[PDB]
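Colleague: Quick one: the structure is below, and I'll ask about it shortly.
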Amino acid sequence: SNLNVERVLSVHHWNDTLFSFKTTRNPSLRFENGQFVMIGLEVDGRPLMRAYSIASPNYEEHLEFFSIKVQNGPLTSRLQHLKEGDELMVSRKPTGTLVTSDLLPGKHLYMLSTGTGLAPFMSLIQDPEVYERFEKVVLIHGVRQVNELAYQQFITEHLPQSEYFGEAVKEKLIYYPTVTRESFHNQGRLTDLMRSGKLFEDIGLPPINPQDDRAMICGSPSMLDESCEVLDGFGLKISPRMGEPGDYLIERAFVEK
Ligand SMILES: Cc1cc2nc3c(=O)[nH]c(=O)nc-3n(C[C@H](O)[C@H](O)[C@H](O)COP(=O)(O)OP(=O)(O)OC[C@H]3O[C@@H](n4cnc5c(N)ncnc54)[C@H](O)[C@@H]3O)c2cc1C
């Protein structure tokens, strides 16, 4: 079995459909910030594995995962009961398309996400390299309800306080959460706010162009088609394949089964 066995260090529930947890990390597991790996539990003879983006920076000696809670699992129906000390299986080799290396040089990096698609971006915003490569980093997190804005305080209060890169955060990181169904100051779907050009007006940056702007997209399969349509409109060109650099990168946060 080519699977590492990690133990849960802590868990935290945001609401009844979201929760995060931290585990130990075997030093053989190396990854690029933004990549995903497979995690799972042993259930009735076979390990039940699922793809999960790593929500922690690669320089830390522990892992963190941001998870959804689906009525029927079979994984999250069980995973939601994770307790400190519980064991988890993690694969050996990470993979994925959301890495800064496949991004042609630019000055602004837009991270477009919805729901749990925020996960890979949590490791990216704590990567001193993205701050070294870009002038501004815009983290957009689209959601349905206010209680779904996980990591709010962390991004807003704690990150700017960092002793190692807090200055870069305050100076380069623009957090722009949008809520769809409830009263919120950034009302609507991120796709509509970007297409109309309002988003840029709100954040003080000029409209997107294929020379200064790069992006990464992680959300529902439908949100992706809609986001590509919006970015292609500004003239950006998607990377043709994993390993080939382009103006923007996309990856599904989950699949429609
Ligand atoms: C590259 C990649 C990265 C992924 N990263 C993550 C991640 O960081 N966190 C994560 O929770 N999941 C992630 N997923 C998908 C996720 O792993 C699976 O949906 C989940 O493990 C399925 O567990 P389950 O057995 O309970 O659900 P399923 O077998 O998926 O069945 C539940 C159903 O719920 C819906 N659903 C599933 N996952 C989600 C979700 N996250 N948000 C909203 N609706 C959903 C789908 O319609 C799905 O068929 C990723 C998938 C891929 C391909």
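Here's how to read the names in the structure tokens: chain A, B, ... by the order shown, residue numbers from 1 in each chain, ligand numbers from 1 in the order shown.
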Skip residue 127 in chain A itself and residues of its chain fewer than 6 positions away, then list as a PyMOL selection string all residues within 12 Å of it, counting only C-alpha atoms.
Modeller: chain A and resi 32-34+55-60+99-100+120-121+133-134+137+159+164-166+168-169+173
Colleague: Based on the selection just made, write N, CA and C atoms of those residues as a tab-separated table (two decimals), in the first residue's frame.
Modeller:
```tsv
chain	number	residue	atom	x	y	z
A	32	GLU	N	3.55	21.32	-4.47
A	32	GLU	CA	3.60	22.69	-4.93
A	32	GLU	C	2.31	23.31	-4.44
A	33	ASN	N	2.37	24.52	-3.88
A	33	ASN	CA	1.16	25.17	-3.38
A	33	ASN	C	0.09	25.32	-4.48
A	34	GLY	N	-1.09	24.78	-4.20
A	34	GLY	CA	-2.19	24.83	-5.15
A	34	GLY	C	-2.56	23.44	-5.65
A	55	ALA	N	-4.91	22.77	1.75
A	55	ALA	CA	-5.18	24.13	2.22
A	55	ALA	C	-4.10	24.78	3.10
A	56	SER	N	-2.93	24.14	3.20
A	56	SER	CA	-1.81	24.66	4.00
A	56	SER	C	-0.58	24.88	3.10
A	57	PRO	N	0.32	25.81	3.47
A	57	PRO	CA	1.54	26.12	2.71
A	57	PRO	C	2.53	24.97	2.80
A	58	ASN	N	3.25	24.70	1.72
A	58	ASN	CA	4.20	23.59	1.70
A	58	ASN	C	5.42	23.67	2.60
A	59	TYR	N	5.65	24.81	3.24
A	59	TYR	CA	6.80	24.92	4.12
A	59	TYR	C	6.48	24.47	5.54
A	60	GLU	N	5.20	24.26	5.83
A	60	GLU	CA	4.78	23.82	7.17
A	60	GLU	C	4.82	22.31	7.28
A	99	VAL	N	-0.95	25.69	-10.36
A	99	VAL	CA	0.40	26.03	-9.90
A	99	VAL	C	0.90	27.27	-10.61
A	100	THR	N	1.59	28.14	-9.88
A	100	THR	CA	2.12	29.39	-10.43
A	100	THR	C	3.11	29.23	-11.59
A	120	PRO	N	-7.41	25.41	-2.35
A	120	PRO	CA	-6.05	25.54	-2.88
A	120	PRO	C	-5.47	26.95	-2.74
A	121	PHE	N	-6.34	27.96	-2.72
A	121	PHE	CA	-5.90	29.34	-2.60
A	121	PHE	C	-5.42	29.71	-1.21
A	133	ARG	N	6.28	37.50	-7.06
A	133	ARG	CA	5.99	37.53	-8.49
A	133	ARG	C	4.95	38.56	-8.94
A	134	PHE	N	4.00	38.90	-8.08
A	134	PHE	CA	2.93	39.84	-8.44
A	134	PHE	C	2.86	41.12	-7.61
A	137	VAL	N	-2.54	40.81	-5.52
A	137	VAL	CA	-3.15	39.48	-5.50
A	137	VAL	C	-4.58	39.68	-5.06
A	159	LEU	N	-3.63	37.06	9.04
A	159	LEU	CA	-2.64	37.12	7.96
A	159	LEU	C	-1.88	38.44	7.92
A	164	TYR	N	6.27	37.16	9.28
A	164	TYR	CA	7.08	36.78	8.13
A	164	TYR	C	6.70	37.34	6.77
A	165	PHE	N	5.44	37.73	6.60
A	165	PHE	CA	5.00	38.29	5.33
A	165	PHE	C	3.74	39.12	5.49
A	166	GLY	N	3.50	39.59	6.72
A	166	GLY	CA	2.34	40.41	7.01
A	166	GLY	C	2.34	41.72	6.23
A	168	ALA	N	3.62	42.22	3.23
A	168	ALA	CA	3.23	41.92	1.86
A	168	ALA	C	1.73	41.74	1.75
A	169	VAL	N	1.13	41.10	2.75
A	169	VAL	CA	-0.31	40.88	2.75
A	169	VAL	C	-1.05	42.22	2.72
A	173	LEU	N	-2.42	42.02	-0.89
A	173	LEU	CA	-3.62	41.18	-0.88
A	173	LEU	C	-4.96	41.90	-0.77
```
Colleague: Enumerate the residues of range 16-222 of chain A with a DSSP assignment of helix (DSSP H, G or I), computed from the backbone, and present them as JSON, numbers by chain.
Modeller: {"A": [76, 77, 78, 79, 100, 101, 102, 115, 116, 117, 118, 119, 120, 121, 122, 123, 124, 128, 129, 130, 131, 132, 133, 146, 147, 148, 152, 153, 154, 155, 156, 157, 158, 159, 160, 161, 166, 167, 168, 169, 170, 171, 172, 190, 191, 192, 193, 194, 195, 198, 199, 200, 201, 202, 203, 221, 222]}
Colleague: Rank nothing, just name the residue among A:102, A:129, A:226, A:6 nearest to residue 239 in chain A, using only C-alpha atoms.
Modeller: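 Nearest to residue 239 in chain A: A:102.
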Colleague: Find the residues near residue 41 in chain A: any atom within 7 Å, counting only C-alpha atoms, skip ones fewer than 3 places away on the same chain, and give them as a PDB file with C-alpha atoms, in the first residue's frame.
Modeller:
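Wrote part34.pdb, looks like this:
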```
ATOM      1  CA  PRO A  47     -10.003   2.701   1.519  1.00  0.00           C
ATOM      2  CA  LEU A  48     -12.567   5.297   0.398  1.00  0.00           C
ATOM      3  CA  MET A  49     -10.431   7.930  -1.346  1.00  0.00           C
ATOM      4  CA  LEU A  88      -6.428   9.316   7.837  1.00  0.00           C
ATOM      5  CA  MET A  89      -4.908   7.900   4.651  1.00  0.00           C
TER       6      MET A  89
END
```
Colleague: Please return as number ranges by chain the residues found within 7 Å of ligand 1, counting only C-alpha atoms and all ligand atoms.
Modeller: A: 36, 50-54, 65-70, 72-77, 96, 115-117, 119-120, 251-257
Colleague: Please return as a ChimeraX atom specification: the residues of range 9-253 of chain A that backbone DSSP assigns to strand (DSSP E).
Modeller: /A:9-15,18-24,36-43,46-53,62-68,87-91,108-114,136-143,173-179,213-219,248-252
Colleague: Which of these residues is nearest to residue 63 in chain A, using only C-alpha atoms: A:107, A:195, A:7, A:83?
Modeller: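 So, comparing all the options, the nearest one is A:7.
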Colleague: Write out as a list in words which residues come within 7 Å of residue 216 in chain A when counting only C-alpha atoms, dropping same-chain ones fewer than 3 positions away.
Modeller: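 Counting only the stated atoms, we get residues 98, 110, 111, 112, 248, 249 and 250 of chain A.
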Colleague: Applying 10 Å and only C-alpha atoms, which residues near range 185-192 of chain A remain after dropping the ones on its own chain fewer than 3 positions away? List them as a VMD selection string.
Modeller: chain A and resid 112 to 114 140 to 144 176 to 182 195 to 199 202 223 to 224 226 to 231
Colleague: Could those residues be written to a file, using N, CA, C and O atoms, as an mmCIF file, in the first residue's frame?
Modeller:
```
data_model
loop_
_atom_site.group_PDB
_atom_site.id
_atom_site.type_symbol
_atom_site.label_atom_id
_atom_site.label_comp_id
_atom_site.auth_asym_id
_atom_site.auth_seq_id
_atom_site.Cartn_x
_atom_site.Cartn_y
_atom_site.Cartn_z
ATOM 1 N N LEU A 112 -9.988 33.256 -8.530
ATOM 2 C CA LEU A 112 -11.446 33.172 -8.528
ATOM 3 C C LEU A 112 -11.936 31.842 -7.973
ATOM 4 O O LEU A 112 -11.654 30.786 -8.540
ATOM 5 N N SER A 113 -12.709 31.893 -6.889
ATOM 6 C CA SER A 113 -13.223 30.670 -6.279
ATOM 7 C C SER A 113 -14.648 30.776 -5.769
ATOM 8 O O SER A 113 -15.122 31.865 -5.455
ATOM 9 N N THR A 114 -15.294 29.616 -5.643
ATOM 10 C CA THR A 114 -16.646 29.504 -5.106
ATOM 11 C C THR A 114 -16.677 28.309 -4.158
ATOM 12 O O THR A 114 -16.031 27.293 -4.413
ATOM 13 N N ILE A 140 -10.883 36.313 -4.665
ATOM 14 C CA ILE A 140 -12.333 36.420 -4.741
ATOM 15 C C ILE A 140 -12.945 35.106 -4.269
ATOM 16 O O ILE A 140 -12.596 34.044 -4.773
ATOM 17 N N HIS A 141 -13.829 35.174 -3.278
ATOM 18 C CA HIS A 141 -14.491 33.980 -2.774
ATOM 19 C C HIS A 141 -15.999 34.161 -2.864
ATOM 20 O O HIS A 141 -16.594 34.864 -2.050
ATOM 21 N N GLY A 142 -16.602 33.541 -3.879
ATOM 22 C CA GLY A 142 -18.039 33.622 -4.080
ATOM 23 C C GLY A 142 -18.777 32.603 -3.235
ATOM 24 O O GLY A 142 -18.422 31.422 -3.233
ATOM 25 N N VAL A 143 -19.864 33.029 -2.600
ATOM 26 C CA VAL A 143 -20.613 32.139 -1.720
ATOM 27 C C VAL A 143 -22.123 32.429 -1.714
ATOM 28 O O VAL A 143 -22.563 33.427 -2.266
ATOM 29 N N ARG A 144 -22.908 31.533 -1.116
ATOM 30 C CA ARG A 144 -24.366 31.689 -1.054
ATOM 31 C C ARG A 144 -24.890 32.411 0.174
ATOM 32 O O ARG A 144 -25.834 33.197 0.089
ATOM 33 N N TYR A 176 -11.881 39.922 -1.595
ATOM 34 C CA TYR A 176 -13.185 40.369 -2.077
ATOM 35 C C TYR A 176 -14.223 39.242 -2.059
ATOM 36 O O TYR A 176 -14.363 38.482 -3.020
ATOM 37 N N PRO A 177 -14.891 39.053 -0.917
ATOM 38 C CA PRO A 177 -15.905 38.006 -0.818
ATOM 39 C C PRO A 177 -17.225 38.517 -1.391
ATOM 40 O O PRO A 177 -17.521 39.717 -1.345
ATOM 41 N N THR A 178 -17.980 37.616 -2.010
ATOM 42 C CA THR A 178 -19.273 37.965 -2.582
ATOM 43 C C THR A 178 -20.279 36.930 -2.097
ATOM 44 O O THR A 178 -19.974 35.738 -2.023
ATOM 45 N N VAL A 179 -21.451 37.410 -1.695
ATOM 46 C CA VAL A 179 -22.525 36.561 -1.198
ATOM 47 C C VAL A 179 -23.714 36.682 -2.138
ATOM 48 O O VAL A 179 -24.119 37.781 -2.527
ATOM 49 N N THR A 180 -24.250 35.530 -2.518
ATOM 50 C CA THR A 180 -25.364 35.454 -3.452
ATOM 51 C C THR A 180 -26.794 35.590 -2.862
ATOM 52 O O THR A 180 -27.520 36.525 -3.219
ATOM 53 N N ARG A 181 -27.149 34.740 -1.894
ATOM 54 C CA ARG A 181 -28.502 34.734 -1.300
ATOM 55 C C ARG A 181 -28.840 35.641 -0.116
ATOM 56 O O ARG A 181 -30.017 35.847 0.157
ATOM 57 N N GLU A 182 -27.843 36.150 0.606
ATOM 58 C CA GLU A 182 -28.115 37.001 1.768
ATOM 59 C C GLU A 182 -27.559 38.417 1.647
ATOM 60 O O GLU A 182 -26.649 38.674 0.858
ATOM 61 N N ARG A 195 -17.808 40.700 -15.196
ATOM 62 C CA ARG A 195 -18.221 40.951 -16.569
ATOM 63 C C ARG A 195 -18.687 42.390 -16.762
ATOM 64 O O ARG A 195 -18.373 43.025 -17.775
ATOM 65 N N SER A 196 -19.394 42.926 -15.769
ATOM 66 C CA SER A 196 -19.887 44.290 -15.872
ATOM 67 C C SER A 196 -18.775 45.300 -15.649
ATOM 68 O O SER A 196 -18.869 46.441 -16.090
ATOM 69 N N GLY A 197 -17.709 44.858 -14.989
ATOM 70 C CA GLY A 197 -16.587 45.730 -14.713
ATOM 71 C C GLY A 197 -16.681 46.393 -13.353
ATOM 72 O O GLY A 197 -15.785 47.149 -12.981
ATOM 73 N N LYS A 198 -17.741 46.106 -12.600
ATOM 74 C CA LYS A 198 -17.913 46.710 -11.278
ATOM 75 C C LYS A 198 -16.841 46.294 -10.288
ATOM 76 O O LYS A 198 -16.375 47.113 -9.493
ATOM 77 N N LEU A 199 -16.476 45.019 -10.320
ATOM 78 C CA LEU A 199 -15.479 44.474 -9.407
ATOM 79 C C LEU A 199 -14.174 45.270 -9.407
ATOM 80 O O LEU A 199 -13.646 45.590 -8.342
ATOM 81 N N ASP A 202 -14.684 48.614 -7.746
ATOM 82 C CA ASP A 202 -14.728 48.454 -6.299
ATOM 83 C C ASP A 202 -13.327 48.275 -5.701
ATOM 84 O O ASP A 202 -13.051 48.805 -4.623
ATOM 85 N N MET A 223 -19.475 27.070 -12.957
ATOM 86 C CA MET A 223 -18.848 28.343 -12.619
ATOM 87 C C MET A 223 -17.596 28.548 -13.467
ATOM 88 O O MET A 223 -17.254 29.679 -13.822
ATOM 89 N N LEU A 224 -16.959 27.437 -13.833
ATOM 90 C CA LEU A 224 -15.746 27.448 -14.649
ATOM 91 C C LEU A 224 -16.044 27.879 -16.083
ATOM 92 O O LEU A 224 -15.357 28.742 -16.630
ATOM 93 N N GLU A 226 -18.550 29.540 -17.107
ATOM 94 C CA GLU A 226 -18.981 30.922 -17.001
ATOM 95 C C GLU A 226 -17.788 31.858 -16.796
ATOM 96 O O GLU A 226 -17.762 32.964 -17.343
ATOM 97 N N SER A 227 -16.810 31.421 -16.001
ATOM 98 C CA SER A 227 -15.616 32.227 -15.739
ATOM 99 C C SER A 227 -14.700 32.315 -16.948
ATOM 100 O O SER A 227 -14.076 33.349 -17.175
ATOM 101 N N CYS A 228 -14.583 31.212 -17.692
ATOM 102 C CA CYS A 228 -13.757 31.190 -18.896
ATOM 103 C C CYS A 228 -14.350 32.144 -19.929
ATOM 104 O O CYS A 228 -13.627 32.873 -20.616
ATOM 105 N N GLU A 229 -15.677 32.114 -20.039
ATOM 106 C CA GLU A 229 -16.412 32.970 -20.961
ATOM 107 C C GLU A 229 -16.121 34.442 -20.639
ATOM 108 O O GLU A 229 -15.900 35.255 -21.543
ATOM 109 N N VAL A 230 -16.094 34.775 -19.351
ATOM 110 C CA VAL A 230 -15.812 36.147 -18.925
ATOM 111 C C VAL A 230 -14.362 36.556 -19.210
ATOM 112 O O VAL A 230 -14.121 37.641 -19.744
ATOM 113 N N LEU A 231 -13.409 35.681 -18.892
ATOM 114 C CA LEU A 231 -11.997 35.976 -19.120
ATOM 115 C C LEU A 231 -11.610 36.000 -20.601
ATOM 116 O O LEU A 231 -10.749 36.791 -21.008
#
```
Colleague: Using only C-alpha atoms, pick whichever of A:125, A:244, A:219, A:40 has the shortest atom-to-atom distance to residue 156 in chain A.
Modeller: A:125
Colleague: Would you mind telling me which residue in A:43, A:174, A:4, A:130 lies nearest to residue 91 in chain A when using only C-alpha atoms?
Modeller: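 Answer, going by the shortest atom-to-atom distance: A:4.
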